[PDB]
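**Student:** Below is one structure. I have some questions about it.
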Amino acid sequence: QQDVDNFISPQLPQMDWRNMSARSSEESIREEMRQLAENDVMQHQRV
Amino acid sequence: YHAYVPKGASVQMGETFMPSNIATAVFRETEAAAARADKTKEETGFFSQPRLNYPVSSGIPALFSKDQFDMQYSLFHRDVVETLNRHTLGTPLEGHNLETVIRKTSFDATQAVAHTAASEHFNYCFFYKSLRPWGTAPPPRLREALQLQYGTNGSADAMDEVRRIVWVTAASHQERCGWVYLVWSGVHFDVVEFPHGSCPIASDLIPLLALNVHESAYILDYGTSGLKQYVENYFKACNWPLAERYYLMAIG
Amino acid sequence: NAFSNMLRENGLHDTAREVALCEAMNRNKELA
Amino acid sequence: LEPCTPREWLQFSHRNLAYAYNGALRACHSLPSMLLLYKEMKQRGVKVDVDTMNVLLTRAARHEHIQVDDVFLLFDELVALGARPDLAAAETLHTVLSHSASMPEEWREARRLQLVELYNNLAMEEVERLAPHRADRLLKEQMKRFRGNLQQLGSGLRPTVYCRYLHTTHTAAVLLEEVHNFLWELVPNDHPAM
Amino acid sequence: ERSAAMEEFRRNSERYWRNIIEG
Amino acid sequence: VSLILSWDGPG
Amino acid sequence: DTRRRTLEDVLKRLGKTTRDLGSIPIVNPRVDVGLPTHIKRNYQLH
Amino acid sequence: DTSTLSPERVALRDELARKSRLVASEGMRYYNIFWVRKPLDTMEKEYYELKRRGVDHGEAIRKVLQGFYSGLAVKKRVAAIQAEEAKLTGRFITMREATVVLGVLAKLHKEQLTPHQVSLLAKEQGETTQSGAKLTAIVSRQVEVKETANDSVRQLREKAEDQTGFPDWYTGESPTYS
Amino acid sequence: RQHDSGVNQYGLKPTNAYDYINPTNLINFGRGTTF
Amino acid sequence: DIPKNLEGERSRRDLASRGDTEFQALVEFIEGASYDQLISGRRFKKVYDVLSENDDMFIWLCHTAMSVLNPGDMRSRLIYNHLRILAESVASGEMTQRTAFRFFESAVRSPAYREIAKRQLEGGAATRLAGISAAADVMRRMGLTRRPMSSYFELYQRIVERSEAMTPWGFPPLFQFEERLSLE
Amino acid sequence: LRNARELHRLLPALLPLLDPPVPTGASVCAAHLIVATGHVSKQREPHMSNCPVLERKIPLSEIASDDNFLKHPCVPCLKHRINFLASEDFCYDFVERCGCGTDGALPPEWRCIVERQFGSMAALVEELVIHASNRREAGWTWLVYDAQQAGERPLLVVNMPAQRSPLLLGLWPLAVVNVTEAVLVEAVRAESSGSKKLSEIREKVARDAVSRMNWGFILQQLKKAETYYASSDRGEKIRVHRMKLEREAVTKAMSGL
Amino acid sequence: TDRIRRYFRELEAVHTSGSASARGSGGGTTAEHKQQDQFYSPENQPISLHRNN
Amino acid sequence: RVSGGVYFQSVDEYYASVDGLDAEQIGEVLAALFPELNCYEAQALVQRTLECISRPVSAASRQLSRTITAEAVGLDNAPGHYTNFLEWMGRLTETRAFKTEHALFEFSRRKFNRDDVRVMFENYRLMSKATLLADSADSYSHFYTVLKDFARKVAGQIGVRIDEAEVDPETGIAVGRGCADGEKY
Amino acid sequence: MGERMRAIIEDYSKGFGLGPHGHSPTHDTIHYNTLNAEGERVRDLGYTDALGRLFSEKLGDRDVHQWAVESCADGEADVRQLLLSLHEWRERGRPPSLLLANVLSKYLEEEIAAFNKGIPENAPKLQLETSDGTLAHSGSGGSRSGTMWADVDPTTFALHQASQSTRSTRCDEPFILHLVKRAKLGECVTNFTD
Amino acid sequence: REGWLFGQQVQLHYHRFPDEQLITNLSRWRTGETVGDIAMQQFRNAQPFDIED
Ligand SMILES: [Mg+2]
Ligand SMILES: [Zn+2]
């Protein structure tokens, strides 16, 4: 059943830096703030 | 009267050398001091700087001037603690041990601020606890353990060899931002270098001695090039029996 | 493997180990 | 506990004490604390296990200043005491072999010979275990493991174990693929082939 | 303490002490 | 061995 | 600990017991050391 | 036991806390940390502050809440700005790498592994991690197709010379050596 | 001590004058009863 | 259960050589595993009774820690000495638990107490740490237990089990302490 | 500051091993040093056996002093020390070119790009200020150009760990601010002098470094950049190198056949 | 709540049996466990423990 | 998402499931994957990740670390020295004496069986009068010597009897006996 | 008997006067030695001179009395005096008499010059100078000897430096036997009262 | 003495004091088991409904 059909792909953190600098711009943080202020509204759901 | 005297000043004898002018200036300063004490009392967060076990009103002997040490204690460190507090409140990390802040912020960005701050706070703490003012002579049991590893066929050669290796590790750290430790891997001794914003507890070693290789630490006294002299002095002032008892507790 | 196998059974492990060490010793400069 | 009353004699055996000691062995994090327990369980007559050999050899080959010679010695002794070497144990020995180039060449070739002997015996025992069940796929994978681990040692499955293997096959495909496998086992991978 | 009397102290003690109380 | 059992050690 | 005689049992077998050595620089009878040693250990006291 | 809180106060800080849970939780998440000032109080203070400058109820409330939120905005902006630096320092990790760590732990568990197999896996992952190349090809025969792989150090090099293959691409001005 | 304050050695300890006159009440009630 | 009297030399000699009774009880229970004896429920009962000899004392302390909203600052030497003395009087039977508890809450603390409490507490429930560190401290400095830890452990444990109970820190006034009718 | 001497002594031991990129020559600019020395693979060049910096026999900063190591150098170590020296003094030098508070003349084009990007000059002032201000460490903070998103965002501000150069990430460096703690310390002690909390003095250094900048220099930087990514041989070198990468994929995939 | 309990009991059950690939002569279970526990029993795979099937 | 539904109560259960795989073994895999990491930090990464997926580890090493920081920080500016009593009260929960106590408490509730008793018994028999006199000094530890394994049991299995063969060397015959009704057969 | 005992002991051992925080040990709201905070503060500091260990280092092994006959030529000073003062300085830690300070100064001058060789300008040096009359080392700033303390009560100091194994035990026994016993039996030989 | 509602001898609650969750969970808290913990947050101060007309 393994044969029929046929995650340790090394990911370096320094290769990602562009996507990190993307989040330091206050567009995206304006966004996170809006997002988080929406979800702070006292949820009654719980599961 | 101790409570009423402000934080910095000393309580001493009247020589009656005071002109009225500076006598009034003093009361002014004291007034402002009361004010800033009132605001510091509310600005106080969860974590706080450690009480020093030894008087630093004069320098730490053979090592630091008053101003060097105090520029560490009351400038960089006190700042690190401000940051740590600012970022450990409003987060799941509120009000836990120094550890479980160090330990649960390990190895990751986006908590990077908290982790750096925390580990810094630790490094400093352990640094102060690592300095005994006039220095100690390293105790027999630790001398024995150290001999079995570093000693090459010489008497307590382990001591000059360890105090050599430390210098080496310090000079081999180029950033001049960070910490040099003597730690116990759990199977052996070794001297490690940690970059700024990393500690032996995050790497789960057990620390014995700390050395501050931040440039800010030796810059007021030994200058830019004076690191060798600095370390050499640190061994005049370091605390060995601490490292020893920690070692023995690690072993059992 | 003729020798050391006999000695291991006949009670000498150390002599057997050293003799096997000596056989491979021989074989090393027989083959190369 | 040494039995006292007959009722306790019925809960007692050496072969089971093996299990107990293996537990107490996996507990200890350092080799030197283990050597005491092993010394004991050796002295008081105790049936010794595959398990005992895995947990001992692994934590011996980890230990920093161990002279490789002693790891091998220890293995052989465990075998003298009636523990059946298995893939895990041998493989640990394989790793131990790779990490020491500091030993003389006669030594390395001696223990290499022994280790190849070992892998071939294991592969044999394994084929004979799996054969009657008509397990063919799984058998094939195990054989791939053995082949692979032997090649790193600069040898391969001997002809004999291949005969024993081939006689036990069921599907035709696997027969021919195994012959194929045997031939490729001899030559390097860049070799001329049709 | 490096004299002969001390060299005699180590081989036989009782004579040493005896002639110390008498002497 | 007599010495090893009987010796004082400073000199 | 050896087969050596202390000053002590020498006293016991002479029937003396520590009061009779009064003009001798020795104080502790149970040590193993010579008279010169005894004199050097107590020297700063007089 | 009698609430020191007058019902107006109750209405106020309760309403503040229902509009945002972060403000409520802040000082006391687990147990009450009582030697630290708390947002709920600070905000009530500057609420009354607004009211006596004649700002009405609703506006004062949304204004104070905005104050807290913009402060929080500053904070978590700093957090990210440092997170960036620390990721390109190389020893810190966000989730997309941690998926690789969990990848390892999962692979180890799924197919029960011998220490040997593990040390092996370690060395060929070292080779992959360092020497490994982008643009790798599969043979479909005639026709062979090349695609894009995972991360490596050699790739990290190639990104530094602008995929030119040369260290000298910067024609700007710098120090010199002779 | 070893047990309750309202029960002495012989049974319930008889505080009111009803128990000194009617000391069945000290030890009996119902079928389910133990000491 | 006739408590002995102290007497002339033999009784004091027997007080001296007494040793640890708590360990003796345990030895004697354990010894029922010897081949020539059985395992006795009586030996175990005697064990139990020596382990729990204090028992209710601990119980009392629980109430002082957990059953009282705002018992002042329990670190201050004053309220601390109140607690100490009352504890030593619950042990040695000089007072009833009820009387000692009603003493403890009615003990003198500080002028305008409630109005100072409005400067700290909202609904008048202080934090319980000072109380437990105090109530362990008293039992340690009083000689209450033969082995030091037992004080702290028992006091802690008994609280942690009650933590899961519905309306855990309130108690009916009649069943809370010694009274004519009791709980099983 | 200046490493020119120690690198003058170190370099001839590096250059025979760098001939992959180019061989021995008279003039080598620190930029090209940094980039050629930038990412070291453990796998190709390891620590040679008896590596004098490995067992802590020699300190890394002293390997320049003794010549026995200069005869048979350990490549990863030499590389690392050279990398540090070259990058660091690239920084100091760069800041002395950007640290000219002489002319208060502000170029029109610089504004033309900046307000397109940020929306004002005050916004850029602020970017540099809060990126320099809040730092995980005392490093340098860079203002650089990147060709990647360049139409969208020409510029960005990166605060680099310690003395690490941005060239290493493929970004074209424009300006730089020195927050290294030598500067914090001497700032603090130049405050107690005349005729205090760290956070705000460090930010004071940030925002008074910004007001001392020389924008013309940044204009020439940015022009050099755009000119460069405009160039033909950029496209050519890209094509030829990627061509190599393809051939290599093909042959490495053919070798197992 | 019970739903959750059952979901995560059967899940790791299916990762005890579903993790069996190299488990045949794999490390994942002890040799002594091969000895004792590889036999049908009330906890392992009973026939039925109950009357009236 | 990664492993599917693998879950484990603690770290050593994971180390149970992989069987013979330790911290640093994996530590080498992660020291290869993330290049710039140290060798210590590589293992550390593993431990931190496991400990996030499950509870933290129970170890003497971690205990020592905790003690060390607790005493590196010292006194605090909290009013009652609050976080310090937190610290100290927590610390004594992992003490030897506290564990002894927990054992004695569980004992009081009859949570043991006969075998635990005979185990306690033979643990007792092993002491000399001198060992008692030395361990009655702490007024606790002898309770630990006796109760050790019961304690280890509270805070923390032979399957079937495998014998040797009983056979006549000569005739190769073995002898068993069955019965029913105690009499009839 | 017990309670009376405790009462007496608690009463005789109670402190009085004013502590570093300005209040009595029995003061209502404010406290001393919280959670053995001073005990630990002594633990990690330790009571010792820098001069003490410089001396004990240079002298090393050789006989105290021998050195004291050396350092005095026939005419220098009474050996009894400097012997007394040395004994009172090493154990029973005290300020050294200016006799002992002059002797030590002209003995240890190279180790003191070497300990003083790298020091920055505004930091404490180590100097033996009696230019001022008094010996109390709270007077010098603690810069006279290497002492961090104004006063340490003799008994406690002695227990401390004797808890340091470097303090020389008499060992009138056979040497090797003494050391062997110390290794095999440990110091836990006195755990037993028998 | 009686409550009005159902005649209870106590005033109803679940929790009372600020520390009880912490103090109960203490070794967990030092451990750092409780960091992301949502059970010690959600219900820590939770009190009964008002069941009253
Ligand atoms: Mg009825
Ligand atoms: Zn190297």
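Residue numbering restarts at 1 in every chain; chains get A, B, ... in the order shown in the structure tokens, and ligands count up from 1 in that same order.
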Which residues are near ligand 2 - at most 7 Å, using only C-alpha atoms and all ligand atoms? Format: as a PyMOL selection string.
**Tutor:** chain K and resi 47-48+51-54+74-77
**Student:** Write the residues you've just listed into a file as a CSV table (one decimal), in the first residue's frame, and include C-alpha atoms for each of them.
**Tutor:**
```
chain,number,residue,atom,x,y,z
K,47,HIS,CA,38.4,22.8,9.4
K,48,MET,CA,41.8,21.3,8.6
K,51,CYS,CA,43.0,23.7,13.4
K,52,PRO,CA,44.7,26.1,15.7
K,53,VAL,CA,41.5,28.1,16.3
K,54,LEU,CA,39.4,25.0,16.9
K,74,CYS,CA,42.6,26.9,7.5
K,75,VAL,CA,40.3,28.3,4.8
K,76,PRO,CA,37.0,28.7,6.8
K,77,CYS,CA,38.8,30.6,9.6
```
**Student:** Name the residues, by chain letter and number, that sit within 12 Å of ligand 1 using only C-alpha atoms and all ligand atoms, and give them as JSON, numbers by chain.
**Tutor:** {"I": [28, 29, 30, 31, 32, 33]}
**Student:** Just want the 10 Å neighbourhood of residue 35 in chain G, counted on only C-alpha atoms, with same-chain residues fewer than 4 positions away dropped. Output as number ranges by chain.
**Tutor:** E: 1, 5-6, 9, 16-17, 20; G: 24-26, 39-40
**Student:** Mind giving me the straight-line distance from CA of residue 5 in chain F to CA of residue 140 in chain B in Å, one decimal?
**Tutor:**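 Distance reported for this atom pair: 25.0 Å.
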**Student:** For chain L against chain H, which residues fall within 12 Å using only C-alpha atoms, given as number ranges by chain?
**Tutor:** L: 12, 14-30
**Student:** Excluding range 145-149 of chain H and any residue of its chain fewer than 4 positions from it, enumerate the residues within 9 Å of it, using only C-alpha atoms, and give them as a list in words.
**Tutor:**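 Listing them by chain and then by number gives residues 9 of chain A; 132, 133, 134, 135, 136, 137, 138, 139 and 140 of chain H; 246, 249 and 250 of chain K.
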**Student:** Please, what distance in Å, to one decimal, runs between CA of residue 127 in chain J and CA of residue 8 in chain O?
**Tutor:**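 According to the coordinates, CA of residue 127 in chain J and CA of residue 8 in chain O are separated by 26.2 Å.
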**Student:** Pick out each residue of chain H that DSSP on the backbone tags as strand (DSSP E); I need them as a ChimeraX atom specification.
**Tutor:** /H:136-139,144-147,176-177
**Student:** Per residue of chain N within 7 Å of chain M, note the shortest atom pair and the distance in Å to one decimal, counting only C-alpha atoms, and order the rows by chain and increasing residue number, as CSV.
**Tutor:**
```
residue,atom,partner,partner_atom,distance
N:191,CA,M:134,CA,5.4
N:192,CA,M:134,CA,5.3
N:194,CA,M:130,CA,6.7
```
**Student:** Since we have the selection now, will you write its residues out, keeping C-alpha atoms, as a CSV table (one decimal), in the first residue's frame?
**Tutor:**
```csv
chain,number,residue,atom,x,y,z
N,191,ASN,CA,27.8,9.8,59.6
N,192,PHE,CA,28.0,6.7,61.8
N,194,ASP,CA,29.4,3.8,66.2
```
**Student:** I'd like the contact shell of residue 4 in chain C - 12 Å cut-off, only C-alpha atoms, skipping same-chain residues fewer than 6 positions apart - returned as a list in words.
**Tutor:**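 Using only C-alpha atoms, the neighbours found are residues 10, 11, 12, 13, 14, 15, 16, 17, 18, 19, 20, 21, 22, 23 and 24 of chain C; 110 and 114 of chain D.
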**Student:** Please report, as a tab-separated table, each residue of chain E lying at most 12 Å from chain F, together with the nearest pair of atoms and the separation in Å rounded to one decimal; use only C-alpha atoms, and order rows by chain and ascending residue number.
**Tutor:**
```
residue	atom	partner	partner_atom	distance
E:1	CA	F:11	CA	10.9
E:2	CA	F:11	CA	10.0
E:10	CA	F:6	CA	10.1
E:11	CA	F:6	CA	11.1
```
**Student:** Store the residues picked out above, limited to C-alpha atoms, as a PDB file, in the first residue's frame.
**Tutor:**
```pdb
ATOM      1  CA  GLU E   1      64.341  17.420  64.245  1.00  0.00           C
ATOM      2  CA  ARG E   2      66.791  16.227  61.560  1.00  0.00           C
ATOM      3  CA  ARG E  10      61.321   6.310  64.396  1.00  0.00           C
ATOM      4  CA  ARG E  11      62.885   2.831  64.663  1.00  0.00           C
TER       5      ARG E  11
END
```
**Student:** For range 32-42 of chain L, list every protein, DNA or RNA residue within 7 Å, evaluated using only C-alpha atoms, and leave out those in the same chain fewer than 3 positions away; present the list as a list in words.
**Tutor:** residues 19 of chain D; 29, 45 and 46 of chain L; 159 of chain M
**Student:** For chain A against chain B, which residues fall within 12 Å using only C-alpha atoms, given as a list in words?
**Tutor:**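 Output check: residues 13, 14, 16, 17, 20, 23 and 24 of chain A.
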**Student:** Any chance you can output those residues with C-alpha atoms as a compact mmCIF listing (two decimals), in the first residue's frame?
**Tutor:**
```
# COMPACT_ATOMS: atom_id res chain seq x y z
CA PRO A 13 15.87 31.10 7.93
CA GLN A 14 18.17 33.56 6.14
CA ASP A 16 13.21 34.12 4.12
CA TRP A 17 14.26 37.65 5.09
CA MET A 20 10.08 39.21 7.29
CA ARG A 23 5.74 42.52 8.03
CA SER A 24 7.79 45.42 9.48
```
**Student:** Would you list the contacts of range 156-160 of chain H as a ChimeraX atom specification, taking every protein, DNA or RNA residue within 9 Å and counting only C-alpha atoms, but skipping same-chain residues closer than 2 positions in sequence?
**Tutor:** /A:12,14-15 /H:151-154,162-167 /K:35-36,38-40,167-171
**Student:** Those selected residues, please, written with C-alpha atoms and delivered as an mmCIF file, in the first residue's frame.
**Tutor:**
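In the end it all went to again23.cif:
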```cif
data_model
loop_
_atom_site.group_PDB
_atom_site.id
_atom_site.type_symbol
_atom_site.label_atom_id
_atom_site.label_comp_id
_atom_site.auth_asym_id
_atom_site.auth_seq_id
_atom_site.Cartn_x
_atom_site.Cartn_y
_atom_site.Cartn_z
ATOM 1 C CA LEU A 12 17.102 28.117 5.900
ATOM 2 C CA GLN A 14 18.175 33.564 6.143
ATOM 3 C CA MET A 15 16.526 32.845 2.800
ATOM 4 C CA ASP H 151 16.615 25.880 0.269
ATOM 5 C CA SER H 152 20.387 25.508 0.656
ATOM 6 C CA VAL H 153 23.590 27.442 1.369
ATOM 7 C CA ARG H 154 24.928 27.334 -2.179
ATOM 8 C CA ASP H 162 22.902 38.248 -8.044
ATOM 9 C CA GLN H 163 22.973 34.845 -9.687
ATOM 10 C CA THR H 164 25.807 36.212 -11.821
ATOM 11 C CA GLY H 165 28.398 33.815 -10.425
ATOM 12 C CA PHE H 166 30.751 36.646 -9.467
ATOM 13 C CA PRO H 167 31.601 38.523 -6.211
ATOM 14 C CA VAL K 35 30.832 38.854 -1.073
ATOM 15 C CA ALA K 36 33.436 36.278 -2.155
ATOM 16 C CA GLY K 38 30.316 35.470 2.497
ATOM 17 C CA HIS K 39 28.728 32.035 2.805
ATOM 18 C CA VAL K 40 30.980 29.191 3.810
ATOM 19 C CA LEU K 167 25.837 43.159 0.002
ATOM 20 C CA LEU K 168 25.672 39.641 1.384
ATOM 21 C CA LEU K 169 21.908 39.607 0.801
ATOM 22 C CA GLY K 170 22.175 40.987 -2.734
ATOM 23 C CA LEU K 171 20.964 44.446 -1.782
#
```
**Student:** Could you tell me how far CA of residue 16 in chain K lies from CA of residue 70 in chain K, in Å and to one decimal?
**Tutor:**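 Pair CA of residue 16 in chain K / CA of residue 70 in chain K returns 12.0 Å.
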**Student:** Dump as CSV the rows for residues of chain B within 8 Å of chain H: closest atom pair and distance in Å with one decimal, only C-alpha atoms counted, ordered by chain and rising residue number.
**Tutor:**
```
residue,atom,partner,partner_atom,distance
B:42,CA,H:37,CA,6.2
B:43,CA,H:37,CA,7.3
B:44,CA,H:36,CA,6.1
B:45,CA,H:36,CA,5.4
B:46,CA,H:36,CA,6.7
B:87,CA,H:75,CA,7.5
B:89,CA,H:26,CA,6.7
B:90,CA,H:26,CA,5.1
B:91,CA,H:26,CA,7.9
B:92,CA,H:29,CA,7.7
B:94,CA,H:29,CA,7.0
B:95,CA,H:33,CA,7.2
B:107,CA,H:92,CA,4.6
B:108,CA,H:93,CA,4.3
B:109,CA,H:83,CA,4.4
B:110,CA,H:83,CA,4.9
B:111,CA,H:79,CA,7.0
B:112,CA,H:83,CA,5.4
B:113,CA,H:79,CA,5.7
```
**Student:** Based on the backbone DSSP call, show me all residues of chain I assigned alpha helix (DSSP H), as a list in words.
**Tutor:**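 Residues of chain I classed as alpha helix (DSSP H): residues 17, 18, 19, 20 and 21 of chain I.
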**Student:** Could the residues in this selection be written to a file with N, CA and C atoms, as a PDB file, in the first residue's frame?
**Tutor:**
```
ATOM      1  N   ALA I  17     -31.340  18.321  79.521  1.00  0.00           N
ATOM      2  CA  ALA I  17     -31.939  17.512  80.593  1.00  0.00           C
ATOM      3  C   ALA I  17     -32.881  16.422  80.094  1.00  0.00           C
ATOM      4  N   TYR I  18     -33.172  16.446  78.801  1.00  0.00           N
ATOM      5  CA  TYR I  18     -33.982  15.417  78.165  1.00  0.00           C
ATOM      6  C   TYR I  18     -33.197  14.112  78.040  1.00  0.00           C
ATOM      7  N   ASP I  19     -31.881  14.238  77.888  1.00  0.00           N
ATOM      8  CA  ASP I  19     -31.006  13.085  77.688  1.00  0.00           C
ATOM      9  C   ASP I  19     -30.598  12.408  78.975  1.00  0.00           C
ATOM     10  N   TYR I  20     -30.688  13.127  80.078  1.00  0.00           N
ATOM     11  CA  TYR I  20     -30.358  12.510  81.335  1.00  0.00           C
ATOM     12  C   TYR I  20     -31.543  11.703  81.804  1.00  0.00           C
ATOM     13  N   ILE I  21     -32.749  12.157  81.484  1.00  0.00           N
ATOM     14  CA  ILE I  21     -33.930  11.382  81.849  1.00  0.00           C
ATOM     15  C   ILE I  21     -34.253  10.281  80.843  1.00  0.00           C
TER      16      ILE I  21
END
```
**Student:** What residues in chain N lie within 8 Å of chain B, counting only C-alpha atoms, written as a VMD selection string?
**Tutor:** chain N and resid 21 to 22 41 44 to 45 48 to 50 53 115 to 116 118 to 125 146 to 148 164 to 166
**Student:** Could you tell me which of G:27, G:45, G:7, G:21 comes closest to chain N if we count only C-alpha atoms?
**Tutor:**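 Nearest candidate to chain N out of G:27, G:45, G:7, G:21: G:45.
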